[PDB]
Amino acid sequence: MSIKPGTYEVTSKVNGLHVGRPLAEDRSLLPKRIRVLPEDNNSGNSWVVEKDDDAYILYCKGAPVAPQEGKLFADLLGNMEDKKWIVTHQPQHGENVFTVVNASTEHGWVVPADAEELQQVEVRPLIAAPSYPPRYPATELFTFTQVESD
């Protein structure tokens, strides 16, 4: 698996849309949904990927992301558990394509095939064709494209 630590733009293979947080959110410290974004509402969504021992912590607009009740959020308060992710290259699906699977829950990022703009990214057990290598549905695949920073 693994991925080089650094700063990345992330898109869903389902629709090519960026994943992250939109321009406008409440001023609360409530966990913020990570979403499929419209093309006109996706700036400031270069994720930071940091190695964390054997896994990765993934920051969107400076907050680490974590699963809760089967959905993906940015943790603004800091009390969310399960912040480590296994990020694995799936070269059979393209050069910069990855699955993202929680290191503790074993559930991975999923964008449903019929996701709408602004819909929240899910976190579910991943499924794959029993082929060699396994072939993942696009709903579980993400393109991580290294940027510079900001």
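Don't overthink the numbering: it's just position in the shown sequence, from 1.
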Between the two ranges 2 to 10 and 141 to 149, the one averaging a larger CA B factor in the entry:
141 to 149
Higher of the two mean Cα B-factors (60 to 68, 47 to 55; per PDB record) comes from 47 to 55
When the CA B-factors of 107, 33, 84, 27 are compared as recorded in the entry, which is the largest?
27
Sorting by Cα B-factor within the chain, modelled residues only, which third would residue 112 end up in: lowest, middle or highest?
lowest
Tell me, lowest, middle or highest third: where does the Cα B factor of residue 19 rank within its chain?
middle
Name the third of the chain's ranked CA B-factors that contains residue 90, choosing lowest, middle or highest.
lowest
Looking at the C-alpha B-factor of residue 42, is it in the lowest, middle or highest third of its chain?
highest
